[PDB]
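J.: My questions all concern the structure below.
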Amino acid sequence: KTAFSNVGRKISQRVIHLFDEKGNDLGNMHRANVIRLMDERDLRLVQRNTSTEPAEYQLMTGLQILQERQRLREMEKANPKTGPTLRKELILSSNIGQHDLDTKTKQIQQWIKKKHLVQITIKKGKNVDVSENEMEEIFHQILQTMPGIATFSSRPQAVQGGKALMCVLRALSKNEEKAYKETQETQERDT
RNA sequence: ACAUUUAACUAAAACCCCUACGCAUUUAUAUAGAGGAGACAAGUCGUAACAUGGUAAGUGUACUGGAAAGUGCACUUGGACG
Ligand SMILES: [K+]
Ligand SMILES: [K+]
Ligand SMILES: [K+]
Ligand SMILES: [Mg+2]
Ligand SMILES: [Mg+2]
Ligand SMILES: [Mg+2]
Ligand SMILES: [Mg+2]
Ligand SMILES: [Mg+2]
């Protein structure tokens, strides 16, 4: 995380683009001169933008730093963007039992309702040789439990020289979900 | 409930009842279906225990969880400890 707080007296860079407490642009200056300003005016230094090639810092009072920090947290509460997508993964075997596959299927379902990405790998079993098409059946069994709740993010693909298949499942987009409801309703009208 | 009559110059003859057992009660077997234990065997998913077993283990109790188990409270050492 990046916090809106006083950077301190030790500034990372040597050349610093500085602004005034009122926003007046003071231009670029050396960090040694900035520390002298912070002491002469009794002000603290915050980092407003780092993307700019010349590092941009602004002088601010403790009261201002508080108001901005309060402002920002009122925006994020109003607009809490879910930034990270978490890639959960399950390595399965071809000879997995039904009780174990039913347990791992329920686990996959809970990951999809949380809007995660589920990478499913299926590997050849111990003492067992299987047709690569048979391994692909498990993917369709897992997804069949989630008819209108999930779909192939990446379709089944052979990996490790064909020894083990791979896949990625995802939650259906809102548009794809309304389409499924529509198609399902049309079938209801037909029947 | 039943009630002793005839007979008696030797003495004997009459005497003969009916109510229970069932839709009760006792015990057991058979049968729809649902579970447990053990044996064989070692497939499936984890690695809970045994080493400080990789979060020391366990007792009681509570809650929770695919599963061993996890966590809380007290207790035990059948653990450790300048
Ligand atoms: K344990
Ligand atoms: K132990
Ligand atoms: K206990
Ligand atoms: Mg990861
Ligand atoms: Mg263990
Ligand atoms: Mg342990
Ligand atoms: Mg305990
Ligand atoms: Mg818990």
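Numbering-wise (the deposited numbering), the first sequence opens with residue 72 and increments by one. Where is the CB? At the ideal position from N, CA and C, for every residue including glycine.
List the endpoints of the continuous beta strand (DSSP E) containing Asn-198.
T.: It is not in any beta strand (DSSP E) - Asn-198 carries neither H nor E in the DSSP assignment.
J.: Three Cβ pairs or more, each shorter than 8 Å: is that satisfied between the stretch 171–187 and the stretch 136–152?
T.: The stretch 171–187, when compared against the stretch 136–152, does not touch it at the 8 Å Cβ threshold.
J.: Just confirm the distance between the C-beta atoms of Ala-242 and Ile-213, as a whole number of angstroms; I'd bet it's less than 8 Å.
T.: Not a contact, Cβ separation roughly 14 Å.
J.: Suppose the cutoff is 8 Å on Cβ atoms and the five residues either side in sequence are ignored; what does the same chain contact list for residue 302 look like?
T.: Nothing about residue 302 can be reported from this structure: the residues present for the chain run from 72 to 262 only.
J.: Looking at the structure shown, is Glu-247 part of a helix, part of a strand, or coil, going by DSSP?
T.: Reduced to three states, the DSSP call for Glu-247 is helix.
J.: I need the boundaries of the alpha helix (DSSP H) containing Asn-104, first residue and last residue.
T.: 102–112
J.: Is the stretch 123–142 in contact with the stretch 151–161, if contact means three or more CB pairs nearer than 8 Å?
T.: Verdict: no, contact absent.
J.: Are the beta-carbon atoms of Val-86 and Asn-99 separated by less than 7 Å?
T.: Cβ distance < 7 Å, so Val-86 and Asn-99 count as in contact.
J.: Let me confirm a value: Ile-191 is counted as buried when at least 16 other C-beta atoms fall within 10 Å, else exposed. Which label applies?
T.: buried
J.: What first and last residue would you give for the beta strand (DSSP E) that runs through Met-131?
T.: 127–131
J.: Name the two residues that bound the continuous beta strand (DSSP E) containing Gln-228.
T.: 221–230
J.: Going by alpha carbons, who is nearest to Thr-132 out of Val-117, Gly-168, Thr-257, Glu-203?
T.: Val-117
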